[PDB]
Amino acid sequence: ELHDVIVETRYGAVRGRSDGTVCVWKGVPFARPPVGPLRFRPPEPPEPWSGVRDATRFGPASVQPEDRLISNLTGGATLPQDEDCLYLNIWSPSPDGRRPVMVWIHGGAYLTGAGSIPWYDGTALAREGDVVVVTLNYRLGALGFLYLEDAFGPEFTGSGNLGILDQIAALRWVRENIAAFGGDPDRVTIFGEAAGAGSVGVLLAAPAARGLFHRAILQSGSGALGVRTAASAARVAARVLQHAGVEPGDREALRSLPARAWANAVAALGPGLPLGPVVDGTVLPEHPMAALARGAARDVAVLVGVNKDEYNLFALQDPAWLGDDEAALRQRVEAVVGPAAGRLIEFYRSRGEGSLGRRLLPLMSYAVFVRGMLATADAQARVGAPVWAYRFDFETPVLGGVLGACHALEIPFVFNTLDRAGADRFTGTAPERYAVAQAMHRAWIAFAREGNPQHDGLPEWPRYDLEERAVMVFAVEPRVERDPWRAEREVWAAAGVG
Amino acid sequence: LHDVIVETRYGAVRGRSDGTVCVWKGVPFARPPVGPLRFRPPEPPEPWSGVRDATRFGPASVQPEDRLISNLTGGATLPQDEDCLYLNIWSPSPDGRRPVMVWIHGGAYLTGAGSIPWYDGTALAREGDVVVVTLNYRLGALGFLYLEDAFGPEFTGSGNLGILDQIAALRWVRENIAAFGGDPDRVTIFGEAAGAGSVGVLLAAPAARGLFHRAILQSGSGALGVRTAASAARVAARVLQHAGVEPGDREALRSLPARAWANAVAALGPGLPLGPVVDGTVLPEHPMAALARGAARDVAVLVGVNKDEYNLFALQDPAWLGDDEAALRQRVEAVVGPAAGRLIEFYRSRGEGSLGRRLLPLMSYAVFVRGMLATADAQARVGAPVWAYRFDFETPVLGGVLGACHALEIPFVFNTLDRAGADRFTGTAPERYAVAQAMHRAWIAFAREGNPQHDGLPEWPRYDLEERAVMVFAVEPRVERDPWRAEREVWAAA
Amino acid sequence: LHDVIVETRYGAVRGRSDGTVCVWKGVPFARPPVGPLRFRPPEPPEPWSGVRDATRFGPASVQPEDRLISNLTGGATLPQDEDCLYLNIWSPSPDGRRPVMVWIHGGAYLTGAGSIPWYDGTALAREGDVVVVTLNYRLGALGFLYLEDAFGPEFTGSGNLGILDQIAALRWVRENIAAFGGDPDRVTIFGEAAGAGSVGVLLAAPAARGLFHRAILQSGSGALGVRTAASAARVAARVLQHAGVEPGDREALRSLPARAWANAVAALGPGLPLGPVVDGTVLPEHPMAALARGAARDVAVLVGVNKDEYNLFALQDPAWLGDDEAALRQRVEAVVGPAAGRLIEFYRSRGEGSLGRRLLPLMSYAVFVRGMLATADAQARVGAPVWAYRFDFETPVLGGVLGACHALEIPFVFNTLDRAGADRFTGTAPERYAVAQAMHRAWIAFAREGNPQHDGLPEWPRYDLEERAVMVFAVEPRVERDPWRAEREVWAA
Amino acid sequence: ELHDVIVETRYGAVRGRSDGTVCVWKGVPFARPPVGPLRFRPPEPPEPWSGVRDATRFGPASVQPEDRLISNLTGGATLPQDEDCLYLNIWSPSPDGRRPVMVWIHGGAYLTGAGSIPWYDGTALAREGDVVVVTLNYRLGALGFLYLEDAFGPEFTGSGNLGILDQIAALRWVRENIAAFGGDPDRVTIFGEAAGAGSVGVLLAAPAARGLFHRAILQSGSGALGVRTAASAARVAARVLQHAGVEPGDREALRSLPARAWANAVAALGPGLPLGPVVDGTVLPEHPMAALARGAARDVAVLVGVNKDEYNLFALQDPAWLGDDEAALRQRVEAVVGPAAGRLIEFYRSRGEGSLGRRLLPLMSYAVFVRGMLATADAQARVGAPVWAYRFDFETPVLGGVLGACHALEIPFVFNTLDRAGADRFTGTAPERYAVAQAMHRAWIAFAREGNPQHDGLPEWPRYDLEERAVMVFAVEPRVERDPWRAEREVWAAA
Ligand SMILES: Nc1ccc(Cc2ccc(NC(=O)OCCCCO)cc2)cc1
């Protein structure tokens, strides 16, 4: 029942596949392959081709270190990978028409992820919403985010944010090329999770990105999340360069090094967030939250949210977050909040259950996730942009119930990909989950369509405002909660850090 | 007893009437799925000259001997054939446009038939002035074998062949029920267990749209048994290996004796191996996703469970009478997996007596209750009329170990308590007859007027998110609001 | 606290006594294997005149971070250098001739040090009047990279540089131990996990013979981590490609920073890539084949495992705690291959909890339990004295999922429960003191008397094929006969 | 009538009082007063005195916090305190004779208590048992158990165990001088309750205590109970020093600070047992359970036991133990047992009857009390030391019987001091208490004199061993029950 659909981009015709209800194009190039001279340089428009370019198979992902997250609790796979990775994938109802478009930037801490990830499959989104879904690749890790301005001078300006430049390039392709695949360029929605949600925050600042997207969705991330100063990023690059063996100012060595050595050279740094968005002063002139506050996205409508137990996912990576040892927990908190650690540890210890660490995870959830979201939601209300806010409370039962409503759990609900690549393992197989999944997926569609996420599956969902801070909670029973983090908002306001 | 002859679109059929009710039995709604037609979508029956007998039941679908209730009950093995696609009609008279009740029997998608005496429509027909139809759908591998991997796209819908027969039966009812005195614009489908599981699929199924206006789900839901295509594809290979049919061998697929499929499927073991599959054609999406979206907003639904669903299965596996900690824990994990430990902890503390007895509500909640409650709330949110029930009448038999077990409610709705072997299942208590009537008239009311309210019952509000009123079937009937409130939270949270 | 000066064959070294025990730290037993000495067999240090400080620990071998244990211990980054060939001596007095216990640490041949606090020999020395040596050996590529094909004949034996270092430390102990209060002819070698894996190699290795009279194997065997020459070359070729050293590029090989080798090992991926190699010289044949022939017929053995070793590795991979069969099948099949179907079926029926949790014994048996019993069988069959143990004390951490996890016995054996964050590893139960003492004292009695029996324990029979008696450590010590009889049947067939 | 009886200690003559059946000396110093310079120093033998010293009145208690848990229920007045607190009290039938000696080390969590408290009154034991009874004061709180070896350097080594050192000084005094008061120095039994029992357990680990006792009784406490590691005590000492306003290395601040200020600083740390015996590596070379496991007390014969509802006393402090609030109860349990909390609560909830807190109270009894008893008892049996186990099941009916057989209830029973001020309120007024007391009062007497607690008022009382795990139950009808804690020992060990 699968049939071909052939469409011509400005650069060339591509052959994709349709069953008559949805068309899918995979591995469509939105930029020139960023290799050789183009490596550590911004994306350029793709080179034109004669003939019909095959889009039946997914394009190779950016060279990345292995992430246990994909392998351990998802069957997942080791992603097929290549330095020539600048490809996008399209799901759309029909090439005739002008449907709203949803543009997905994946997370994974700026080190991992792909648009091709099975749970990001756009078949359900395209069918349900009468919308177009695009997933794209952006350069990751050292090849994507190494800040070489201090190390290698002006020729590497913007090197800190080349992945962001990749996301900008893909958005330009959407505005330039999406019509051929059945989309409307004036109703484009960008949505991302984790590092992708960070990327959306950065995109919201970037003057270069302006006018590529009316609406943005930031899931389990914010413009604060992972963003770096030029100096901090310059030091990281030197540590990275040293593992690579590349002396600063050595152009021959930087091109010569194998891409896999670049992935490993970052991997040697150790667990955490070694690379992120850089405030380089060109691509990112200022901190994204600073630009957010000044009103850069006042015209843009934004939907932003977090999961109830955000940091709990990382306990799988770092098992100390289960122990009761007080000294170590302080050390982890110190890195997050610095000198204010003493004040916050005292507050959170009283609340919650279990070991001190179990009670401390909400502190971590707030600092990394909730603080960014609340700042994001608050900033928009002042500037007058319509904004809606959510918390994902659906809890996976696997691994004892320690995870709860953890980081990355919410993705199958938005994409309606519960059945995709045996997701049930991560979230469980409870029948109620379809209802909440349908509630979130249709809300996102509703937001992408009319700038209002309301639909019939959900109770009346009010706009987020400074006064009442209404939050829609996705759970087995959805409800709207006003200022749910008020205690957390105020304590962080008084503890010097918020 | 006088003969009654009716005309279907395909031919005349001869039935029987006692002057109160007319019964037509083994009326064929589809062509025999044999030879080339085997493992293929249902086809219209071949026209016959003459008046075809509708006095005798057709053969049942080929089945293993389950004997779960039959060992307790007087019940005996049904005659079986692959040519089993027949429906049975009881009606007061062929004249008229009465409300129609279409019954989907349970048995876990693997056993049962419309010919089972418990599904006799005489009582429903006489009391409520409706036409009641009972039907056969294809069971097991011949009904539900997912062959798309083995033989490719050509056998699309193999996963849902039994549901397609139900649709064909529903299409037949629109064509022919007028001839027997039913109104095709008033068709209600009602089922128990796997029957109810099929009912939830029908609310999703696009091809079923407009073949019915109402649904009744007993001890089952569209959550029950439904599998993904990948999950269904793996099950087929195990059945084929026991069958000894190579994937891609069409001749061997046809050459194989029909009985071999029952053995091949049965050898795999207890569970819900086969059920409706979310293949994307018959079932485009999981049945539960359709309920939330409001696909069944048109349909008035009556959904419920028995008070002690899981006790029935103790007849094969007797641990549930015991206090033994180790055995009960392992059983819980098989059904609910990672939540078992904590779930066991919550249920142990409530109630009295043995651990198994305290644990059985957990298992009732996992298998049956969860689907029923999700159905009602999806309907409540979209505002479709929904009523909920719990059946609390318990059987005295077996020392009361069953209580209000799975499948006990069947004679109560059908007013067939005095049918053979029903009382062995239900006991012979005098109080049971009023209980059967109280459910029965609310069942009749739901088909006839869309509201199950009647004089025997207290006021029964529609199910809503806020109050979640549920009618409790008991010697003294009462509405209980949000009876599952405490249990709802713990499954969702930690 | 006073300085103590003690004279080794190579030089004077300055230790310290609290009045009860004397400790020497950071005593060099070989020339630092740097520069030209890098990737070469260990050589005795150049002698020095005068007094060197031996109050401070030597540098550890360069190693990847052990996040799994380091989170539980909390320890800062380990000071590390290619110049890492140091051992540490605990003695009641430099005067005397006591039996000697020489410790080889685990860490999968890439990580660890003698400087790790759990291995502190004071409690054994103070309680047992024994000399304890803890040592560092070259780790990772600098210890175990097979370079014979890649860089030619200068690197004969390069697979076993870390094993050669252990022998060199044992030679230095032989000549110099009398000076530290040891008897150079009463030496028991004991290790855990990869340390016991080296012990198994030592029992097999011809050159090791006579450097030790007794062996203790905890959670390890001569099978552990050992690669055929063929397997080692395959892993070795990968490392250079990661490293960016071309084969034959000798100067780049010597010039490359030691940290860069460790990064290259991490790039190969998770597992046990590096280990002792059957090069035909250091290891003429496989340790288990040599043990069966009688190569270690002289050596007396105490051999054992913990009850639930593999639970620890579930922290890295939660699939073992989860029910996801395909990953578990991929995980189980990779070590046992075709046999896993039945084994997975065999284990599935028995036990409690998740499929992976029920499957966890399968991995424990494949990696540890089988090698232990193979080692014990050979020593009994050849006529060597051998004793067998199982450690059943359970950690309460992480909801008690770890149970008697891998390495749990280490604080009990050394009686280092008081050391920082050991109680985090072991919990706060008082019973542990009594369990530690049972482990503590029988380890002492095996070194001193050659028999693990002591008055606190019930009758401990020698492991033999007839009864297969194994002493079971728990809150109440008991002997269980043929405890794995059921599991032995299934694995063979 | 009370008339003077005069005996001369090595340090001088003492004037005590005889009723013609029992002689008592109060306020006898076994060490020079640890005040000023002697503060934070090991006890020093008293300077000898010429003359007849007044021993008619009890000596001052160690400076200690107020007690309300039992003091409010019974009615105790505020204890007289002074930094000069090192005094002991002797009960003896006559200065003539060679009796066995029972020396009592009181509980109070190393912060409170005294030997002079009426419940420990030794009159009945001497009169009934022909034994010498000594009760003593040891420095408490900050002065007793602060570990200053790290904070203040070598001069304060062993400061963590001064209270333990105070007890040792008294035992030496007993060895040298007890024959003067009509006792035998080599037939000495030490006995202690709660923290007192901890002191007895700890003393078994300490080398100097060896030979100062021949037998030991540990009641509702253990060598694990309250004992802190060198780092942990250093943690508390650092917290104590900050609260005190004493800079590390400032001896002037250390000496100058008022004793109450030492008590006030400790209170500010918050609820629990901040101070306790320290494994300093001098006084305490090893953990007492390690010392038992090594066999250090293999020759010492021990009698050890617990009460049925030890932790119920704490219900008076915290009503949650009567309440059904799960979240609050779990946090108190979690603080103690950490990761192990969840499974044991399931086990404990599975057993028992009544409220959630009621089911969680035995959890705290076993963790804090029962497991410590068993570790001591189990260690003793292994080395071949004679050991005996008991359980006291008599329940107080006060405040609705919710306390049951609470912690410390046996104390008046052991001494047969039920009529002493404030004891009837704690035990109730049932007639059955005397019958249970007589068997309990006499069992301690018989063990001290003969090393065996057996006597006629009790049924045949088997030695506790690992094989049978026999435990004598004291009740209105006393009975032997075997392995009464069987379920807990397995569940606590196993999973
Ligand atoms: N991913 C992975 C899988 C299996 C193994 C097997 C293994 C691990 C360790 C040892 N021996 C050892 O090193 O003992 C200390 C435990 C590791 C702490 O660094 C043996 C086999 C290792 C890593």
Side-chain angles (χ1 to χ4, degrees), chain C residues 1 18-21 72 122-123 126-128 307-308 311 351-353 357 392-404 412 415 417-441 444 454-458 473-478, chain D residues 154 157 201 205 222-225 227-232 279 281-282 284-296 298 335-344 346 366-368 370-384 466-467 469 489-495:
Chain C
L1 228 52
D18 53 358
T20 47
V21 203
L72 282 154
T122 311
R126 202 170 46 206
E127 152 68 19
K307 186 170 40 69
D308 314 311
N311 288 43
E352 55 163 63
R357 283 231 302 112
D392 277 10
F393 166 98
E394 304 185 4
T395 171
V397 302
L398 312 159
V401 296
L402 259 43
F412 300 80
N415 202 17
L417 307 161
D418 50 297
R419 296 310 213 105
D423 51 321
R424 308 182 37 176
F425 198 83
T426 57
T428 87
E431 297 85 354
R432 75 191 148 119
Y433 286 104
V435 176
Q437 294 278 326
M439 294 209 90
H440 191 69
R441 282 175 83 242
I444 279 158
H454 68 97
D455 63 79
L457 276 192
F473 292 94
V475 176
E476 171 165 48
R478 63 220 161 215
Chain D
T157 61
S222 74
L225 189 97
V227 167
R228 271 186 190 275
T229 80
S232 172
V279 200
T282 144
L284 206 59
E286 62 204 319
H287 195 275
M289 299 291 169
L292 285 167
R294 216 168 40 80
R298 56 174 38 123
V336 175
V337 286
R343 172 163 57 100
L344 288 168
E346 160 167 52
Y366 185 92
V368 183
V370 182
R371 77 176 171 172
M373 157 214 176
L374 289 202
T376 298
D378 290 53
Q380 278 296 87
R382 195 54 88 169
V383 289
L466 303 167
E467 303 77 44
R469 289 158 200 285
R489 23 171 341 240
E490 303 164 314
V491 66
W492 279 83

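In what follows, every chain begins at residue 1, and chains take the letters A, B, ... in the order their sequences are listed.
Proximity to chain C involves both the backbone and the side chain of D:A290, based on heavy atoms less than 4.5 angstrom apart. Both the backbone and the side chain of D:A340 have a heavy atom closer than 4.5 Å to some heavy atom of chain C. Residue D:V279: no heavy atom, backbone or side chain, is found under 4.5 Å from chain C. Heavy-atom distances place both the backbone and the side chain of C:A429 under 4.5 Å from chain D.
Not a single side chain to side chain contact (heavy atoms under 4.5 Å, CB included) links C:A422 to another residue, sequence neighbours left out. With sequence neighbours excluded, the residues forming a salt bridge (charged side-chain N to carboxylate O under 4.0 Å, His left out) with C:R478 are C:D392, C:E480, listed by chain and number.
Residue D:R382 comes nearest to C:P477 through the heavy atom pair NH2-CD, 3.1 Å, listed as atom of the first residue, atom of the second, then distance. Here the closest heavy-atom approach between residue C:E394 and residue D:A495 is recorded as OE1-CB, 3.4 Å. Here the closest heavy-atom approach between residue C:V397 and residue D:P339 is recorded as CA-CB, 3.8 Å. Taking every heavy atom of both residues into account, C:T428 and D:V336 meet most closely at OG1-O, 4.2 Å.
Here the side chains of C:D455 and D:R298 are in contact, with some heavy-atom distance below 4.5 Å. A 4.5 Å side-chain heavy-atom check between C:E127 and D:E286 finds every atom pair outside the cut-off. Inter-residue side-chain proximity for C:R126 and D:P285 is flagged as unmet; no heavy-atom pair is nearer than 4.5 Å.
In this structure, CD in C:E476 is found 8.0 Å from CG in D:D378, a value given to the nearest 0.5 Å. With values rounded to the nearest 0.5 angstrom, D:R489 atom CZ is found 11.0 Å from C:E431 atom CD.
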